[PDB]
């Protein structure tokens, strides 16, 4: 049985079904929450996560992959509770989410030591439980590929080669961080088809997106649930274009919706069209209807949400 699930027995990858590849039940800074618990309400976070997951299931979602890892408040016990309340298939991961430097812990420590943490979570279990990690998550953003960012990428490659689990990335779509992640990983012997380069939906630079897809990795059109770089309308145009041009077998779509997130609220921007309701089901309300009425058939939807995740985890 291929894929470990939180609070359940492992499943064969062929049985993953309709999958959301990048969603967060919760996201927060470990340090802030430890130091100022008065800012947080776990009961509200729990209710929000359960409600969102239930709504996803009502649209036919069978499996959710949650790439919350170190730096963003991964909590396997919170996750297992959401599973108990919903019955969702939930895939947890391991990894480190940094943009610049590692925590002081990692002073004088090797790439192998970092990889050992990942392999621990994959082979032994997460945070003292028998729930195992099913993928590795890594990140890079505006600061680019720093020394420490590269250390983490190389550690992810070691983990993949040992355990065969895939790698999901966070990138900044407006620099070449995604291309660099793919290059470094494949140089270190990672199968390109075992990599999802994240947040490429944040740009409309189609040639850059296709370049990564052509090199054999999945491309993450994965932030439909954030009011980030690109509006939903323009994301949809980019998604449609890539489908028209034959890239369905590389496309992965998700919301990157955080059922709760601890970030401060940004100044709101109002456009001619009423802002879309951001949630874990926006693609069922907006994106998928938009695609269907623009001529893309059911086989495309099945490819993106079923076949592609199956391959990724195979």
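Numbering follows the first chain given and starts at 1.
Stretches compared: 85 to 93, 233 to 241. Higher mean C-alpha B-factor in the entry: 233 to 241.
Stretches 8 to 16 and 291 to 299 differ in mean C-alpha B factor, with the higher average recorded for 291 to 299. Of the residues listed, 278, 49, 32, 56, the entry assigns the biggest Cα temperature factor to 278. The maximum CA B-factor among the listed residues 80, 121, 180, 227, taken from the PDB record, is found at 227. In this PDB entry, residue 128 carries a Cα temperature factor that places it within the lowest third of its chain's modelled residues.
When the CA B factors of the chain's modelled residues are split into thirds, the value for residue 274 lands in the highest one. Remark: residue 137 belongs to the lowest third of its chain, ranked by C-alpha B-factor as recorded. Split the chain's modelled residues into thirds by C-alpha temperature factor. Residue 190 is in the middle one. Compared with the other modelled residues of the chain, the Cα B-factor recorded for residue 200 ranks in the middle third.
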